[PDB]
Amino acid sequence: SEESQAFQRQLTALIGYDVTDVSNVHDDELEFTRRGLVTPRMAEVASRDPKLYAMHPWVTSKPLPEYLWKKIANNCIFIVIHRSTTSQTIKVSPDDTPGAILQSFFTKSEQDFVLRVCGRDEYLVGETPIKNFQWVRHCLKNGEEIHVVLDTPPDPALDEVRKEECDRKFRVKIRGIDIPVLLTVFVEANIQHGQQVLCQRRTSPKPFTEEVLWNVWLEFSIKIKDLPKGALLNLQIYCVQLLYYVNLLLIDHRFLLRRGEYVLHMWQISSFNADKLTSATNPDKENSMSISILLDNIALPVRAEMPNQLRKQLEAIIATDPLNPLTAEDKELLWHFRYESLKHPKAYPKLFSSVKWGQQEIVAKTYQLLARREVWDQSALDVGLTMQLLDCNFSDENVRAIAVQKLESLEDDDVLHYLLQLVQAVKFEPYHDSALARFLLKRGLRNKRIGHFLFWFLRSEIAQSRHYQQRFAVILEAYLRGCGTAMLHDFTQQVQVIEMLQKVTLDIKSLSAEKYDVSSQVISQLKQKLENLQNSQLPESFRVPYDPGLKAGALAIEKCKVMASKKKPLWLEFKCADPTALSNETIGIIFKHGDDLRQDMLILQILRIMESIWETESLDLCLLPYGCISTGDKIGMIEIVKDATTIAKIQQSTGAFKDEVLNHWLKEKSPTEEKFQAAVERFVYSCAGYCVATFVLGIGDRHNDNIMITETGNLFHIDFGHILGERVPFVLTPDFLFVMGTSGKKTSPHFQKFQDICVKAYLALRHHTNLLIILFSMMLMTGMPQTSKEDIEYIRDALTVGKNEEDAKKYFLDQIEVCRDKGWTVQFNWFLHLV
């Protein structure tokens, strides 16, 4: 069909990679996967409700927190409903549905009308009490009135989906290696299963020539039958240093033992990270190192009661943290008493890490154990635990599948919380098709909000990671074929605008080097390029990728500008295309090159999780995880927080610092004394929040230039990629303390409170130690370009694993005192080392 080839062309532009391309593939797993993902696509497409899908209501089954109960008048909530002009405030109890409140309204075609939010693509619809809608909870947190506009439901017609159309020892021959351009070298051959080396053979050393030929059989001690599925033949070249690596799945996607002539182009090194695991080969055929190999070698098809001191010992092991490495003794015990270990869900990661995966007999027994998982099946979903099983330590389908099963019960609100980290977790899958990928796919097709971010998270990786672009593309394509016509058009708009505004960000950066500030003619160039794009190619309105509720429209070219930090990022402002919008405040977007934003995304997604945790223990520390989306290599977009400045500028209104300046800025920006005291309170929460959060994540030691505050006193850290690219545990400088009214070594009402909020928040995180450890662990492995055990075991020390709550109270309070004793020392030292 000529239609499908235009559609397939249409798809490739949205993805930024061609899945039909067969240049860098030596098997058809990628094609097999595309075929495979039709069934679950079409199933989910078929079973999804037209109406609710179109309106995509954002709701939660969670309780309303205490702090939001206290913000309510008298079991009564004021909703303001709008026509084309006039409006009426309605009194409503939190437990009313959108239908019930609609019935109550018309008293003052009833089922032909829906309560849309004013200024947003956000509907308050469906059998959910008004309190359970996220937009309502946002309004209640902020203390803003809840404004809606009655109008027609969106047409499901628009979400139309296009109809689609041997006991033999294993051995490998190393032929040799080959590269055009450039010591002693050898080829190391590893058989791995969940970064666990089963056997290793090293080829004899030879001179480091462009073409090194061996023609040698590396014979292993593992039988062919004993190879487990998802076993990777890891080939690495050495010289005391590792230079190149490549992987080959010894067992393929059809359960067949891999055989035949292979020539694999290798990835160069820039110990462990996600990129090391990829079955993909280097696409750059001209520069890269190749290796030639040959494979010829066949499908893969009443208990006595525990002692006290053993159950003790077992329960000890299971209780410990995920980074706690298991002794051989621990694993033998876990395995021997596996049927008892199966009764404890929190043993599972450890228990499956105790399996000999190089023994068909043991693997088979392992599988008999998973058949009797009534305990797991009935266990309350533990997300942290479920993540552990999807990390790099487990490369077994069945094991990994029980984790994915447990995720099925996640509400859409919770999926979003974890979606980024769950996309990154695909890097740990051994095969392109996997229960995880299908889960992602299914949940995105079910809910347009999840679908939207999924698009951007996959695309983020497709556009830079050569190690994983092929896999993510196939998954993305799969989603795009099911999301519907209204979304397709949305994404096309979005991607065009993004690519447009990237060119400008890059082109403007070419015009002025890091060496000097903004030029007049460069500003003149800027405002012409925008004039040009607005008039020529900018669409009338596009959806904001970091906040898909909001639709941005026409540029405020007057209000646009460019900074001078040598990064030279843009600062764009747009009118909101929605005329029903309550305010005329712009939509502020910052476009920047030269900064890796994948890091920022992950840190922020963790912040959002830390807030969700705190909500469960009746706490809100006014964190501000702004919108941020990596769009390509070193390029992304950032949400501009309105009425916000940096702590640095406040101080400069060389390297001299005054403690009071911060306090005076708040007095200046608050009209009323009450609003000053409200903002001083917001500062104490937000400071404590960011103090705790950054301490746990090992990123507290920032420069003032990297910290900001809103005019309403909401402090919030920024530029997290910068840190991950004489010390203090976190920024709690003398100015921050002067707001609280304490100076030197003293104490006051707000400082005594600050400390109450810190510890409470800190100990709340410790209640989810295991979750944060795994998210943090995973962040390092999938977020950073280059990671080690020493790094990962920081969070262990920062969360003070295996301790009482009072030693932890002590620890953190000591950390406060360290900040005070140092004062300005560290802030000062940046200027000193700069200059």
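Under this definition, the rigid core comprises the largest set of C-alpha atoms superposing within 1.5 Å between the forms. All residue numbers refer to positions in the sequence shown, first residue = 1.
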With everything overlaid on the rigid core, name the stretch, 667-675 or 710-718, whose CA atoms wander farther on average in 7 other deposited structures of this protein.
667-675
Quick check: by Cα RMS after rigid core superposition, does 623-631 or 339-347 differ more from this form in 7 other deposited structures of this protein?
623-631
Please report whether at least a third of the other compared entries leave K515 without coordinates.
yes
Do at least a third of the other compared PDB entries leave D391 without coordinates?
no
Indicate whether the chain is continuous between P749 and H750 or, if not, how many deposited residues are absent from the coordinates: none, 1 to 3, 4 to 9, or 10 or more.
none
Deposited residues lacking coordinates between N297 and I298 (none, 1 to 3, 4 to 9, 10 or more):
4 to 9
Please compare 425-433 with 220-228 and say which has the higher mean C-alpha temperature factor in the record.
220-228
When the Cα temperature factors in the entry are averaged, is it 712-720 or 749-757 that ends up higher?
749-757
Select one of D705, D547, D382, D659: the residue whose C-alpha shows the highest B-factor in the crystal structure entry.
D659
Residue with maximal Cα B-factor (values as given in the PDB entry) among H253, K312, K350, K509
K509
Give the position of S93 by CA B-factor within its chain, expressed as the lowest, middle or highest third.
highest
Going by the recorded CA B-factors, say which third of the chain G744 sits in, lowest, middle or highest.
highest
For the chain shown, is the CA B-factor of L334 in the lowest, middle or highest third of its modelled residues?
lowest
Would you mind ranking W69 by its C-alpha B-factor against the rest of the chain and naming the third, lowest, middle or highest?
highest
Once the chain's modelled residues are ordered by C-alpha B factor and cut into thirds, is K173 in the lowest, middle or highest one?
middle
